[PDB]
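Have a look at the structure below before the remarks.
FYI, it's all coordinate maths here, none of it is from the lab. Note that each Cβ is placed from the backbone with ideal geometry, even for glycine, and that neighbours are counted across all protein chains shown.
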Amino acid sequence: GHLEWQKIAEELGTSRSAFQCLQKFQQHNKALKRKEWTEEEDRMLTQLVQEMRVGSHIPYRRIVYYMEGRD
DNA sequence: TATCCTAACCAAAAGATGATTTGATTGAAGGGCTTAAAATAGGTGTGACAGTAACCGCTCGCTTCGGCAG
């Protein structure tokens, strides 16, 4: 279930640890790197942009702290 | 589409990696000692010497100045 990555590393059998396995998976996890879009992400992105943006300047990536699976 | 992620790459903050320059240290030498001795030749100031110097709780005895005396 993408959980207990110590067990995942042990099952891998190449002497990897949980942290390395998780790092590699997250760097190649479609669920994390959101090529997709969701309604709540769009709504909250619009809300934060409208709250903060002045003129043509918006906090393009500082919104990522609030919305998951982004950069 | 409006917008984004962030694979691989461009612009900028910050975060870091080694070579070079400047602030700082010091190793060795100029130097200028030491007592230890032995010595002739010396000059006087000064510091003892010494002196005067000066400055710094109860109960008797004794006395006087008037108020009548002479």
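If you add up the charges near A:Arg53, with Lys and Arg at +1 and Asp and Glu at -1, over every other residue whose beta carbon is less than 15 angstrom from its beta carbon, what do you get?
Around A:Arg53, the surrounding residues sum to +1.
About its Cα centre, how strong a charge dipole does chain A have in debye, to the nearest 20, once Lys and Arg get +1 and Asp and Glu get -1 at the Cβ?
Dipole of chain A, to the nearest 20 debye: 320 debye.
I'd like the FRET efficiency for A:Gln50 and A:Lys24, computed as 1/(1 + (r/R0)^6) with the beta carbon distance as r and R0 of 30 Å, rounded to 0.05.
0.20
Over chain A, consider all pairs of different Cα atoms and compute the Kirkwood hydrodynamic radius from their mean reciprocal separation; express it in Å, one decimal.
14.5 Å is the Kirkwood radius here.
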